[PDB]
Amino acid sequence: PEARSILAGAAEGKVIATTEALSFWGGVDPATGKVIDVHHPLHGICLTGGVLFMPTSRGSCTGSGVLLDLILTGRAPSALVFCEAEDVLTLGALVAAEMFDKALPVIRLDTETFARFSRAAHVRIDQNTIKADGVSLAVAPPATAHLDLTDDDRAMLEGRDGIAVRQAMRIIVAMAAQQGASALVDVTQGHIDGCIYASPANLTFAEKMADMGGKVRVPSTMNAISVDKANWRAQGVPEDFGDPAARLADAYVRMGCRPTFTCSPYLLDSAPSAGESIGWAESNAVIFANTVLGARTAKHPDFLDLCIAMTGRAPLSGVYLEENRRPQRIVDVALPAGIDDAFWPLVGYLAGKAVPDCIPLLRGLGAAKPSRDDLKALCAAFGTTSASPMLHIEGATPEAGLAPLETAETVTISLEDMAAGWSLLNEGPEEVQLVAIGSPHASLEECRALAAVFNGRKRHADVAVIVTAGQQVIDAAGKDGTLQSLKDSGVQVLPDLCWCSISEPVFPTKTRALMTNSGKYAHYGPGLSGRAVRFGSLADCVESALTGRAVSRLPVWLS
């Protein structure tokens, strides 16, 4: 039995335990502390005050900001107990201790002690021990940093570059220490994700660092934000929400981040190349960068993305190291006849459920020749159910020939798994009032494909059709006529916002049920919006847009 202090602190409370990872953004409501992931075993449970046992986290990089907000409002669990490596929630609690004078203890157990303690009714944590129903286990103190540092690293840490840079380096070194890294690594560019207005604390952190003098040292793009930056006032977004959401975006721009406002930064001209070491947040962008581009970045939590951008340095750990990019589990995926575009997000979603805490190699799919957009949708869905920052697809992705670990296990995704996942993501009626496309932000080709399915037909008056995309794609779609073709059918194309960040009234208030082709939004949509969510192919979406009805049925390749 082994217990390891990750972040110090004292806590006591009832045990809240699960064997399935949870994403605090999208899966936990900062207003209540309740689990809102409708597909998680803990759905509906309030986490406030509990000692939360889960193997690790999954999903969104924004969990750090949601946990920070919960800590600040007193709605957070009293402690976190994992049994695997974890970064997102650990970083949120680390920022709480470093910058907000609040300690949330985080402990990692061995898997067997984890399972035993998860049966307990009550757990007490202090600096030296964890006790489950009185049964006490000694807790090893936080790991001591054994990092190789450059002279400029030490200069930043000593404060010779100011207090903001020192604070960033302090956080980077503490994260490297808990990961057991022995060095840092240069990054050529950053991508900031905490600009989504997921909680008041997201704004508080950004303005705190900006007022501290923080500024990025490497070129750094920005993920989606929670306002249509140029239009939210005219759209009728309430001032109480739009003003802090806009100020959150403004704070990162003031700190030198480029206002790309997109969750598909790999589509920008600034996209990194194969082998390039970058420092990115946003789970789908991280996974796409490693998986499809062959670039290298850990799945950095929100807030850590800014520290890495401020210093140009990240912990040399995880998939920055070649050994850690080798496939850790093999997945044979059934390839039925007659697949369409919906196959790829479904497979990514199921691949994450099958392999939630290590890097999988997906076999059996190379002959199907997935598009860049197919890989994009797959990676985004994989992020929702997994913690890993990358995956491999035999015959499709550039590093898929890396030798798997000699002890890799092999699992399957069967047709039966696919039918079950399809029905899980389709718990809603047939009548829909909204079609939601573009999580992550739509490519230009995805917009062209959508116009091709529409074939000049016009949406039903009672069905809104909304595509979220980055500004540069919308500009390009305006040039080549795709934007007008979509407008001709009644489709709205929105910049900056994504389905992760959209809000009423831009999200139409009349909506009761929506259909999406995003595996990611199919998962998060129910809890985020309170609406019933349907999941289908691009053409399933267009058919619903023209008729107002999404037929409830398994796809052709599953019947």
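For every residue, the number given is its place in the sequence shown, counted from 1.
_Mean C-alpha temperature factor, higher of 514 to 522 and 41 to 49_ = Stretch with the higher mean C-alpha B-factor: 41 to 49.
*Comparing 210 to 218 with 230 to 238, where is the mean C-alpha B-factor higher?*
Higher mean C-alpha B-factor in the PDB entry: 210 to 218.
*asked:* Looking at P105, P244, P259, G134, which one carries the largest C-alpha B-factor according to the PDB entry?
replied: In this record, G134 carries the highest C-alpha B-factor of the candidates.
*According to the deposited entry, which of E446, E282, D250, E323 has the largest Cα B-factor?*
Of the options given, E323 has the highest CA B-factor in the PDB entry.
*Name the third of the chain's ranked CA B-factors that contains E399, choosing lowest, middle or highest.*
Its C-alpha B-factor, which the entry lists for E399, ranks in the middle third among residues of this chain.
*What third of the chain, by the recorded C-alpha B-factor, contains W422?*
For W422, whose C-alpha B-factor we compare with every modelled residue in the chain, the answer is the middle third.
*Using the B-factor values recorded in the entry, state whether the Cα atom of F303 falls in the lowest, middle or highest third among the modelled residues of its chain.*
Answer is lowest: the recorded C-alpha B-factor places it there.
_Per the entry's values, where does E543 land by CA temperature factor relative to the rest of its chain, in the lowest, middle or highest third?_
Answer is lowest: the recorded C-alpha B-factor places it there.
*According to the PDB entry, is the CA B factor of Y349 in the bottom, middle or top third of its chain, that is, lowest, middle or highest?*
For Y349, whose C-alpha B-factor we compare with every modelled residue in the chain, the answer is the lowest third.
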